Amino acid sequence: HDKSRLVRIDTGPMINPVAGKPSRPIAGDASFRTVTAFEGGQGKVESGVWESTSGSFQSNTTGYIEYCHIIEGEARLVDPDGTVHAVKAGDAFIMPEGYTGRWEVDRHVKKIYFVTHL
């Protein structure tokens, strides 16, 4: 990217998505597709689109803060103490540094992410 050109996040059909799988699977066989939209701050900042199929898996954001904006489908985030957060298209949230809750995806979900490494 260049300092004088706005970077738009394309929420249309994913171009050359990267395949992935959760590193902390719980249940089901969730698989991921990601497209990076932006990289800056000498490797410390990244943004793009991510998709998951059904399943459950644990987060660990030790070392970074992540903003999420659900754009399609739905999921539940369940904090370590059991507090359930139902998220659906249009919902925005932040996983603070060192967040270790889990994702439960009944069907399908897509989000925009913005990550800042500390």
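For every residue, the number given is its place in the sequence shown, counted from 1.
Trainee: Would you tell me which stretch averages the higher CA B-factor in the PDB entry, 49-57 or 35-43?
Mentor: Taking the mean B-factor of the alpha carbons in each, 35-43 is higher.
Trainee: Would the CA B-factor of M95 place it in the lowest, middle or highest third of its chain?
Mentor: Lowest third, going by the recorded CA B-factors of the chain.
Trainee: Splitting the chain's C-alpha B-factors into thirds, which one does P13 fall into?
Mentor: Highest third of the chain for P13's C-alpha B-factor.
Trainee: Taking the C-alpha B-factors as the PDB entry records them, is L118 in the lowest, middle or highest third of its chain?
Mentor: Highest third - that is where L118 ends up once the chain's C-alpha B-factors are sorted.
Trainee: Please rank the C-alpha B-factors of the chain's modelled residues and tell me whether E66 sits in the lowest, middle or highest third.
Mentor: According to the entry, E66 has a C-alpha B-factor in the chain's lowest third.
Trainee: Where does the C-alpha B-factor of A27 rank in its chain, lowest, middle or highest third?
Mentor: As the PDB entry reports it, the C-alpha B-factor of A27 lands in the highest third of its chain.
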